[PDB]
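Enquirer: Got a structure for you, start_38.cif, holding mmCIF, C-alpha atoms; chains and numbers go by the auth columns.
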data_input
#
loop_
_atom_site.group_PDB
_atom_site.id
_atom_site.type_symbol
_atom_site.label_atom_id
_atom_site.label_comp_id
_atom_site.label_asym_id
_atom_site.label_seq_id
_atom_site.Cartn_x
_atom_site.Cartn_y
_atom_site.Cartn_z
_atom_site.B_iso_or_equiv
_atom_site.auth_seq_id
_atom_site.auth_asym_id
ATOM 1 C CA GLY A 1 9.394 -20.404 -10.549 0.00 26 V
ATOM 2 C CA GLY A 2 10.496 -17.226 -8.816 0.00 27 V
ATOM 3 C CA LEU A 3 7.883 -15.041 -10.513 0.00 28 V
ATOM 4 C CA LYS A 4 5.116 -16.142 -8.164 0.00 29 V
ATOM 5 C CA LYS A 5 7.759 -15.996 -5.432 0.00 30 V
ATOM 6 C CA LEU A 6 8.277 -12.254 -5.881 0.00 31 V
ATOM 7 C CA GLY A 7 4.640 -11.458 -6.589 0.00 32 V
ATOM 8 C CA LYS A 8 3.602 -13.322 -3.443 0.00 33 V
ATOM 9 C CA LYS A 9 6.415 -12.053 -1.213 0.00 34 V
ATOM 10 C CA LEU A 10 6.037 -8.298 -1.686 0.00 35 V
ATOM 11 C CA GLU A 11 2.253 -8.681 -1.821 0.00 36 V
ATOM 12 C CA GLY A 12 2.340 -9.903 1.768 0.00 37 V
ATOM 13 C CA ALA A 13 3.600 -6.510 2.914 0.00 38 V
ATOM 14 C CA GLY A 14 1.106 -4.458 0.931 0.00 39 V
ATOM 15 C CA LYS A 15 -1.621 -6.391 2.743 0.00 40 V
ATOM 16 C CA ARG A 16 -0.368 -5.663 6.264 0.00 41 V
ATOM 17 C CA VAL A 17 0.892 -2.178 5.421 0.00 42 V
ATOM 18 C CA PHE A 18 -2.445 -1.288 3.843 0.00 43 V
ATOM 19 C CA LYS A 19 -3.418 -0.330 7.400 0.00 44 V
ATOM 20 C CA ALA A 20 -0.413 1.964 7.688 0.00 45 V
ATOM 21 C CA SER A 21 -1.247 3.601 4.358 0.00 46 V
ATOM 22 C CA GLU A 22 -5.057 3.459 4.450 0.00 47 V
ATOM 23 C CA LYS A 23 -4.839 5.380 7.728 0.00 48 V
ATOM 24 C CA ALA A 24 -2.856 8.157 6.046 0.00 49 V
ATOM 25 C CA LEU A 25 -4.870 8.074 2.818 0.00 50 V
ATOM 26 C CA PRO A 26 -6.475 11.349 3.925 0.00 51 V
ATOM 27 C CA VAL A 27 -2.918 12.436 4.689 0.00 52 V
ATOM 28 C CA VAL A 28 -1.498 11.040 1.454 0.00 53 V
ATOM 29 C CA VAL A 29 -4.423 12.233 -0.642 0.00 54 V
ATOM 30 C CA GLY A 30 -4.630 15.671 0.891 0.00 55 V
ATOM 31 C CA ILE A 31 -1.422 16.335 -1.008 0.00 56 V
ATOM 32 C CA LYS A 32 -2.619 14.674 -4.192 0.00 57 V
ATOM 33 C CA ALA A 33 -5.981 16.352 -3.641 0.00 58 V
ATOM 34 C CA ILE A 34 -4.387 19.769 -3.119 0.00 59 V
ATOM 35 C CA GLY A 35 -1.573 19.452 -5.611 0.00 60 V
ATOM 36 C CA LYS A 36 -3.823 17.360 -7.841 0.00 61 V
#
The structure in this file should be written as structure tokens.

Expert:
Amino acid sequence: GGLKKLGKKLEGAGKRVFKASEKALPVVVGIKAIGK
């Protein structure tokens, strides 16, 4: 089954990248927090 293949592949990135995003959450939110 490829389903679990795609859901497990991309997921791997979101786990490592979470550090790249989490760090800019204040920088990604500030826009969503200002522009709502």

Enquirer: Could you tell me how far CA of residue 38 (chain V) sits from CA of residue 56 (chain V), in Å to one decimal place?

Expert: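 It comes out at 23.7 Å.
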
Enquirer: Just how far from CA of residue 47 (chain V) is CA of residue 34 (chain V), in Å to one decimal?

Expert: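 Between these atoms lies a distance of 20.1 Å.
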
Enquirer: Could you tell me how far CA of residue 55 (chain V) sits from CA of residue 39 (chain V), in Å to one decimal place?

Expert: 20.9 Å

Enquirer: Axis-aligned box over every listed atom of region 56-61 of chain V, padded by 5 Å per side: centre and edges in Å to one decimal, as JSON?

Expert:
{"center_x": -3.7, "center_y": 17.2, "center_z": -4.4, "size_x": 14.6, "size_y": 15.1, "size_z": 16.8}

Enquirer: Please fill the gaps in region 33-59 of chain V so it has N, CA, C and O atoms, and write that as a PDB file, in the coordinates of the input.

Expert:
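Written output follows (out-v9.pdb):
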ATOM      1  N   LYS V  33       4.271 -12.884  -4.663  1.00  0.00           N
ATOM      2  CA  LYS V  33       3.602 -13.322  -3.443  1.00  0.00           C
ATOM      3  C   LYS V  33       4.319 -12.799  -2.202  1.00  0.00           C
ATOM      4  O   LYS V  33       3.706 -12.623  -1.149  1.00  0.00           O
ATOM      5  N   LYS V  34       5.620 -12.554  -2.329  1.00  0.00           N
ATOM      6  CA  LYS V  34       6.415 -12.053  -1.213  1.00  0.00           C
ATOM      7  C   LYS V  34       6.064 -10.603  -0.899  1.00  0.00           C
ATOM      8  O   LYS V  34       5.573 -10.293   0.186  1.00  0.00           O
ATOM      9  N   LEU V  35       6.321  -9.719  -1.856  1.00  0.00           N
ATOM     10  CA  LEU V  35       6.037  -8.298  -1.686  1.00  0.00           C
ATOM     11  C   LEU V  35       4.564  -8.068  -1.358  1.00  0.00           C
ATOM     12  O   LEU V  35       4.227  -7.235  -0.516  1.00  0.00           O
ATOM     13  N   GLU V  36       3.691  -8.807  -2.033  1.00  0.00           N
ATOM     14  CA  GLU V  36       2.253  -8.681  -1.821  1.00  0.00           C
ATOM     15  C   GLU V  36       1.899  -8.809  -0.343  1.00  0.00           C
ATOM     16  O   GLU V  36       1.014  -8.115   0.156  1.00  0.00           O
ATOM     17  N   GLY V  37       2.596  -9.700   0.354  1.00  0.00           N
ATOM     18  CA  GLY V  37       2.340  -9.903   1.768  1.00  0.00           C
ATOM     19  C   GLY V  37       2.442  -8.622   2.573  1.00  0.00           C
ATOM     20  O   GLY V  37       1.665  -8.403   3.502  1.00  0.00           O
ATOM     21  N   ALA V  38       3.400  -7.775   2.216  1.00  0.00           N
ATOM     22  CA  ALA V  38       3.600  -6.510   2.914  1.00  0.00           C
ATOM     23  C   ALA V  38       2.470  -5.532   2.611  1.00  0.00           C
ATOM     24  O   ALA V  38       1.889  -4.937   3.516  1.00  0.00           O
ATOM     25  N   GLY V  39       2.164  -5.368   1.329  1.00  0.00           N
ATOM     26  CA  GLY V  39       1.106  -4.458   0.931  1.00  0.00           C
ATOM     27  C   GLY V  39      -0.218  -4.760   1.607  1.00  0.00           C
ATOM     28  O   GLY V  39      -1.083  -3.889   1.703  1.00  0.00           O
ATOM     29  N   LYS V  40      -0.384  -5.994   2.077  1.00  0.00           N
ATOM     30  CA  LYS V  40      -1.621  -6.391   2.743  1.00  0.00           C
ATOM     31  C   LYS V  40      -1.624  -5.953   4.203  1.00  0.00           C
ATOM     32  O   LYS V  40      -2.648  -5.520   4.720  1.00  0.00           O
ATOM     33  N   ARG V  41      -0.476  -6.064   4.864  1.00  0.00           N
ATOM     34  CA  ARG V  41      -0.368  -5.663   6.264  1.00  0.00           C
ATOM     35  C   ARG V  41      -0.169  -4.156   6.378  1.00  0.00           C
ATOM     36  O   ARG V  41      -0.679  -3.513   7.295  1.00  0.00           O
ATOM     37  N   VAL V  42       0.595  -3.606   5.439  1.00  0.00           N
ATOM     38  CA  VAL V  42       0.892  -2.178   5.421  1.00  0.00           C
ATOM     39  C   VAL V  42      -0.315  -1.353   5.004  1.00  0.00           C
ATOM     40  O   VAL V  42      -0.400  -0.166   5.314  1.00  0.00           O
ATOM     41  N   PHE V  43      -1.248  -1.980   4.297  1.00  0.00           N
ATOM     42  CA  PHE V  43      -2.445  -1.288   3.843  1.00  0.00           C
ATOM     43  C   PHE V  43      -3.093  -0.513   4.993  1.00  0.00           C
ATOM     44  O   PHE V  43      -3.761   0.494   4.774  1.00  0.00           O
ATOM     45  N   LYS V  44      -2.872  -0.985   6.220  1.00  0.00           N
ATOM     46  CA  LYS V  44      -3.418  -0.330   7.400  1.00  0.00           C
ATOM     47  C   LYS V  44      -2.609   0.920   7.718  1.00  0.00           C
ATOM     48  O   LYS V  44      -3.148   1.927   8.179  1.00  0.00           O
ATOM     49  N   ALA V  45      -1.311   0.846   7.451  1.00  0.00           N
ATOM     50  CA  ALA V  45      -0.413   1.964   7.688  1.00  0.00           C
ATOM     51  C   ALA V  45      -0.655   3.067   6.662  1.00  0.00           C
ATOM     52  O   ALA V  45      -0.550   4.253   6.970  1.00  0.00           O
ATOM     53  N   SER V  46      -0.984   2.659   5.440  1.00  0.00           N
ATOM     54  CA  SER V  46      -1.247   3.601   4.358  1.00  0.00           C
ATOM     55  C   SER V  46      -2.698   4.077   4.377  1.00  0.00           C
ATOM     56  O   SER V  46      -2.966   5.278   4.335  1.00  0.00           O
ATOM     57  N   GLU V  47      -3.632   3.129   4.434  1.00  0.00           N
ATOM     58  CA  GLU V  47      -5.057   3.459   4.450  1.00  0.00           C
ATOM     59  C   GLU V  47      -5.365   4.507   5.516  1.00  0.00           C
ATOM     60  O   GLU V  47      -6.239   5.356   5.333  1.00  0.00           O
ATOM     61  N   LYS V  48      -4.643   4.440   6.629  1.00  0.00           N
ATOM     62  CA  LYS V  48      -4.839   5.380   7.728  1.00  0.00           C
ATOM     63  C   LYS V  48      -4.401   6.786   7.329  1.00  0.00           C
ATOM     64  O   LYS V  48      -4.986   7.775   7.772  1.00  0.00           O
ATOM     65  N   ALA V  49      -3.368   6.869   6.497  1.00  0.00           N
ATOM     66  CA  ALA V  49      -2.856   8.157   6.046  1.00  0.00           C
ATOM     67  C   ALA V  49      -3.354   8.510   4.654  1.00  0.00           C
ATOM     68  O   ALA V  49      -2.862   9.456   4.050  1.00  0.00           O
ATOM     69  N   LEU V  50      -4.338   7.772   4.142  1.00  0.00           N
ATOM     70  CA  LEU V  50      -4.870   8.074   2.818  1.00  0.00           C
ATOM     71  C   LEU V  50      -5.334   9.521   2.761  1.00  0.00           C
ATOM     72  O   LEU V  50      -5.031  10.247   1.825  1.00  0.00           O
ATOM     73  N   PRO V  51      -6.021   9.969   3.808  1.00  0.00           N
ATOM     74  CA  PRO V  51      -6.475  11.349   3.925  1.00  0.00           C
ATOM     75  C   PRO V  51      -5.277  12.284   4.052  1.00  0.00           C
ATOM     76  O   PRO V  51      -5.358  13.477   3.756  1.00  0.00           O
ATOM     77  N   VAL V  52      -4.163  11.708   4.501  1.00  0.00           N
ATOM     78  CA  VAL V  52      -2.918  12.436   4.689  1.00  0.00           C
ATOM     79  C   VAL V  52      -1.999  12.279   3.485  1.00  0.00           C
ATOM     80  O   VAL V  52      -1.071  13.064   3.305  1.00  0.00           O
ATOM     81  N   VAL V  53      -2.277  11.281   2.657  1.00  0.00           N
ATOM     82  CA  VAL V  53      -1.498  11.040   1.454  1.00  0.00           C
ATOM     83  C   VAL V  53      -2.241  11.627   0.260  1.00  0.00           C
ATOM     84  O   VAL V  53      -1.637  12.031  -0.734  1.00  0.00           O
ATOM     85  N   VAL V  54      -3.563  11.683   0.391  1.00  0.00           N
ATOM     86  CA  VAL V  54      -4.423  12.233  -0.642  1.00  0.00           C
ATOM     87  C   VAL V  54      -4.472  13.741  -0.542  1.00  0.00           C
ATOM     88  O   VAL V  54      -4.418  14.435  -1.547  1.00  0.00           O
ATOM     89  N   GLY V  55      -4.576  14.239   0.680  1.00  0.00           N
ATOM     90  CA  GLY V  55      -4.630  15.671   0.891  1.00  0.00           C
ATOM     91  C   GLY V  55      -3.598  16.404   0.069  1.00  0.00           C
ATOM     92  O   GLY V  55      -3.811  17.544  -0.333  1.00  0.00           O
ATOM     93  N   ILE V  56      -2.483  15.736  -0.201  1.00  0.00           N
ATOM     94  CA  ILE V  56      -1.422  16.335  -1.008  1.00  0.00           C
ATOM     95  C   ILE V  56      -1.730  16.147  -2.485  1.00  0.00           C
ATOM     96  O   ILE V  56      -1.529  17.051  -3.296  1.00  0.00           O
ATOM     97  N   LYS V  57      -2.246  14.974  -2.821  1.00  0.00           N
ATOM     98  CA  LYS V  57      -2.619  14.674  -4.192  1.00  0.00           C
ATOM     99  C   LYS V  57      -3.938  15.361  -4.521  1.00  0.00           C
ATOM    100  O   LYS V  57      -4.253  15.605  -5.687  1.00  0.00           O
ATOM    101  N   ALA V  58      -4.703  15.681  -3.477  1.00  0.00           N
ATOM    102  CA  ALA V  58      -5.981  16.352  -3.641  1.00  0.00           C
ATOM    103  C   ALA V  58      -5.783  17.863  -3.727  1.00  0.00           C
ATOM    104  O   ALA V  58      -6.570  18.570  -4.356  1.00  0.00           O
ATOM    105  N   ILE V  59      -4.710  18.346  -3.103  1.00  0.00           N
ATOM    106  CA  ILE V  59      -4.387  19.769  -3.119  1.00  0.00           C
ATOM    107  C   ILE V  59      -3.488  20.095  -4.300  1.00  0.00           C
ATOM    108  O   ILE V  59      -3.719  21.062  -5.025  1.00  0.00           O
TER     109      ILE V  59
END
